Amino acid sequence: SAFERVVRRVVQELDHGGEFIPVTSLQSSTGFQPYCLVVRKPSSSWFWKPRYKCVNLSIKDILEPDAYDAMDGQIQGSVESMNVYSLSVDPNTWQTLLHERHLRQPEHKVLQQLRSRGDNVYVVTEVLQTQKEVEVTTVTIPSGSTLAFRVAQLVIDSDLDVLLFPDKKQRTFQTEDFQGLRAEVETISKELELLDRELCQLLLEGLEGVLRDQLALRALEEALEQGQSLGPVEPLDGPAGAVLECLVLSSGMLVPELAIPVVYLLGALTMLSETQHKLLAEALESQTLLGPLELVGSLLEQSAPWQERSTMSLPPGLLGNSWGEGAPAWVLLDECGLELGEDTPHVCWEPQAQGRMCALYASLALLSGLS
């Protein structure tokens, strides 16, 4: 809800200082304290970093000793009636702790499951909390609420080490820009008007229902995420199974050639917000899935390269969508994180909305293909 916007204004004025990955949900904002290992799903497309999910466990139970302190301070005041706090840990206690305690080699309860799935594992090295209980237009945001954080990956196959320099190549276990976005999306999309249209339409309606329900999305996600077991996945009820019944045959077996595009968009949809899910279902039911499509495409074309503040020009009303605070494209952009206005310049472009925006474009480009 509102909890999203505030974190935006937190990192908005901070200009992504030290890749302070923002928190996504409130039920998972309580789990992001120091020394909290997170897991990250296998690397998706090169244009969005999949959300860091928590496993709800610490690291003192992960080495041989089951035991340090957080080098607090760093008062970062308010950002405008809301003061913020942070907790850190100096590298000097990282190397000394790594040398004082050695890997608890007898540990395969989650470790075997992780190395089987092939995920990446990161450790929280810095946290952003509050020393105030802020309530503003109402919600009840408690003291100590975590808004952002920083990670350091580690790898475990023979030894252990921290990766304050996050290399994309190295995993825990063992190409272009907007023009590339065009090519990649096109190559993926062309592999979908492959099956017979009747099934395509059935999938679209199933998705429409799924978008209105986050829980259905999550359930479908768990059934086939990084398991992809040899056995046919058991269908689930509701529109999620209406999607899964579209993705299998009479026996129930799945085909990776059709699966890969589905998980891709799933990642594209997990990056997006709940309200954006609802708006897409409305745009599918109203067949207005092309207006915002061309808009976002031309905006991303004029915003190259990304990660650099540059005001954009193109007006959306001139293109064809209805404008005015409340319009679908307006609220869509605001949910992605772009500041809109009524007169010129009608847009400010920020680097932090990089990942989500590409996914928004990707979702649009895929839905228009089946309509």
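Residues numbered from 1 in each chain as written, not as in the entry; some residues may be left out. Heavy atoms only, no water.

In terms of determination method and resolution, the entry is listed under X-ray crystallography at 3.500 Å.

Chemist: Please set out the packing of helix α4 (residues 178-190) against helix α13 (residues 354-370) residue by residue, giving values where relevant.
Modeler: Closest axis-to-axis distance for the α4/α13 pair is 10 Å, and the angle between their directions is 40 degrees. The orientation of α4 relative to α13 falls into the category oblique. Crossing hand, α4 versus α13: right-handed. Here α4 contributes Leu181, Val185 and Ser189 to the contact with α13, which in turn contributes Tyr361, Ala365 and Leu366. Within the contact of α4 with α13, the residues separate by chemical class into five nonpolar, one polar and no charged. (Axes fitted to C-alpha atoms, helices over the stretch in contact; angles between N-to-C directions. Helix = DSSP H or I, 4+ residues; strand = E, 2+ residues; numbered from the N terminus. Parallel < 35°, antiparallel > 145°, perpendicular 65-115°, else oblique. Left-handed = near helix turned anticlockwise from the far one by under 90°. Contact = heavy atoms within 4.5 Å. Nonpolar A, V, L, I, M, F, W, Y, C, P; charged D, E, K, R; others polar.)

Chemist: Break down the packing of aromatic side chains for me, with residues and values.
Modeler: Scanning all chains against the criterion turns up seven aromatic pairs. Each ring, one from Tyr35 and one from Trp94, has its centre 5.8 Å from the other, and the planes form 20 degrees; the classification is stacked. Taking the relative accessible area as the measure of exposure, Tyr35 reaches 15% and is therefore buried. Note on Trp94: relative accessible area 15%, which makes it buried. Among the aromatic residues, those joined into a ring-pair cluster are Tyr35, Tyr68 and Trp94. (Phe/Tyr/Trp six-rings, centres within 6.5 Å; stacked < 30°, edge-to-face > 60°. Buried < 20%, exposed > 50% of the residue type's maximum accessible area, 1.4 Å probe, protein only.)

Chemist: Talk me through the pairing of strand β2 (residues 37-40); I want residue IDs and the actual numbers.
Modeler: Here β2 shows no split at all, with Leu37 and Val39 on one side and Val38 and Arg40 on the other all buried. Sheet analysis places β2 next to strand β5 (residues 120-129), joined by four bridges and oriented antiparallel. The residue bridging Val39 from the neighbouring strand is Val121, located in β5. Bridge analysis of β2 against strand β3 (residues 53-54) gives two bridges, and the strand direction is antiparallel. Its bridge partner lying in β3, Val38 is registered against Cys54. (Pairing = 2+ DSSP bridges.)

Chemist: Can you lay out the environment of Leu14 for me, pointing to particular residues and giving the numbers?
Modeler: Along the chain, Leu14 turns up in helix α1 (residues 2-14). Put simply, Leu14 and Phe32 are 18 residues apart on the chain and 19 Å apart in space, counted from C-alpha to C-alpha. Leave out the neighbours within four places in its chain, and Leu14 touches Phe20 and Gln76.

Chemist: Describe in detail the environment of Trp94, supporting the description with residues and values.
Modeler: Locating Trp94 in the fold gives a position in helix α2 (residues 91-100). Beyond its immediate chain neighbours, meaning those up to four positions away, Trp94 contacts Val89, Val124, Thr125 and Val162.

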